[PDB]
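[1] this one's a deposited entry, sequence included:
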Amino acid sequence: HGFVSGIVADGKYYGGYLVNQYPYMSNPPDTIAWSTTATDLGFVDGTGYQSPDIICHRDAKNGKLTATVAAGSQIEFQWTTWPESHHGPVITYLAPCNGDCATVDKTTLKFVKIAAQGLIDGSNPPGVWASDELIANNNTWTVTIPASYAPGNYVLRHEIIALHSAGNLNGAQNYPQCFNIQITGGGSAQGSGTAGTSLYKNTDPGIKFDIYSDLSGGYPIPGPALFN
Ligand SMILES: [Cu+2]
């Protein structure tokens, strides 16, 4: 349970979507972040993986602003305090808007996985995960925008998947947060993306997963192939 309160992109701070304030307003401030109705600081579980809610979280609507970021530079996501119990991977995606992200139809986005970390040390279950590294780093996560990525407008989809109840079907808890970015000073590369409602299934090996038993088999990070 948590959300992203802001990001630092190319050394500049951008306020996020303040989900405990902005839904409770007629005319909330413009942000690079997408709006959601996830006011419980909750999640999308396997019941919603083929619902448009999985794309940018519950009932999400376009952010009206866009942040610039140099290809090869870093984005830092600032989360509200993440529970240690909520062990799981941290995954980051880019989907091209092919024009202004403020007016892209979210159902048309095709996401490329540009970063992902999963199980760090499973020797003593439930083990140490990306989420735990996030906690250790002042509840922040940093990703590099590939220097080779083509300049353009993209939806940046950053997600924690908490696996503390993932042994049950539809038990994993997805926490996506979306942001509009413009990659500058890029190369020519772009991945082949996967629709938001095709990213995950409730029987995927990294989704229906028991963190509390022997982890000698590791952890297969879910979602489509990492861009190289
Ligand atoms: Cu929670």
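    Arrived safely. Numbers count the residues shown, from 1 in each chain.
[2] now the strands for the protein?
    With DSSP state E as the definition, the chain shows strands at residue ranges 4-9, 12-15, 67-70, 74-79, 90-96, 110-117, 119-121, 128-129, 140-144, 152-162, 173-184, 194-195.
[3] now those in CSV, with mean neighbour count?
    No exception for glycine: its C-beta is placed from N, CA and C like everyone else's. Conversion of those to CSV gives the following (neighbours: other CB atoms under 10 Å):
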stretch, mean neighbour count
strand 4-9, 21
strand 12-15, 14
strand 67-70, 19
strand 74-79, 19
strand 90-96, 25
strand 110-117, 21
strand 119-121, 15
strand 128-129, 21
strand 140-144, 17
strand 152-162, 25
strand 173-184, 24
strand 194-195, 17
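[4] okay, those strands in JSON lines with distance to residue 56 next?
    Rendered in JSON lines, the data for those read as follows (distance: least, CB to CB, whole Å):
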{"stretch": "strand 4-9", "distance to residue 56": "12"}
{"stretch": "strand 12-15", "distance to residue 56": "16"}
{"stretch": "strand 67-70", "distance to residue 56": "16"}
{"stretch": "strand 74-79", "distance to residue 56": "14"}
{"stretch": "strand 90-96", "distance to residue 56": "10"}
{"stretch": "strand 110-117", "distance to residue 56": "10"}
{"stretch": "strand 119-121", "distance to residue 56": "26"}
{"stretch": "strand 128-129", "distance to residue 56": "23"}
{"stretch": "strand 140-144", "distance to residue 56": "17"}
{"stretch": "strand 152-162", "distance to residue 56": "7"}
{"stretch": "strand 173-184", "distance to residue 56": "4"}
{"stretch": "strand 194-195", "distance to residue 56": "13"}
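[5] can you tell me which of those strands comes nearest to residue 51?
    If you check each of the strands of the chain against residue 51 by CB to CB, strand 173-184 wins as the nearest, at 11.2 Å.
[6] what's the span of stretch 62-77, first residue to last?
    Distance between the boundary residues of stretch 62-77 (CA to CA, to the nearest Å) amounts to 19 Å.
[7] OK, contacts around residue 116?
    Listed by CB atoms under 8 Å, 6 or more residues apart in numbering, the contact partners of residue 116 are 89, 90, 91, 92, 221, 223, 226.
[8] residue 163 is in contact with the second one, correct?
    No - between residue 90 and residue 163 there is no contact, the gap being 11.8 Å when judged by CB atoms under 8 Å.
[9] follow-up on the earlier one: just flag the most distant two among the contacts of residue 116.
    With CB to CB as the measure, no two of the contacts of residue 116 lie farther apart than 90 and 226, at 12.8 Å.
[10] give the contact list for the residue nearest to the spatial centre of the chain.
    Centrality entry for the chain: nearest residue to the mean C-alpha point is residue 158, 1.8 Å, by CA atoms, centre = their mean. Residues in contact with residue 158 (CB under 8 Å, 6+ apart) are 4, 77, 90, 91, 92, 93, 141, 143, 176, 177, 178, 179.
[11] please repeat the previous calculation with a cut-off of 7 Å.
    Neighbour list for residue 158: 4, 77, 92, 177 [criterion: CB atoms under 7 Å, 6 or more residues apart in numbering].
[12] cool, and residue 10?
    68, 69, 70, 73.
[13] the longest helix in the protein is where?
    Across the chain, the helix with the greatest residue count (assigned by DSSP state H) is helix 130-136.
[14] so which other helices or strands are in contact with that one?
    Under the contact criterion of 3 or more CB pairs under 7 Å, 6 or more residues apart in numbering; DSSP states H and E, helix 130-136 touches strand 90-96.
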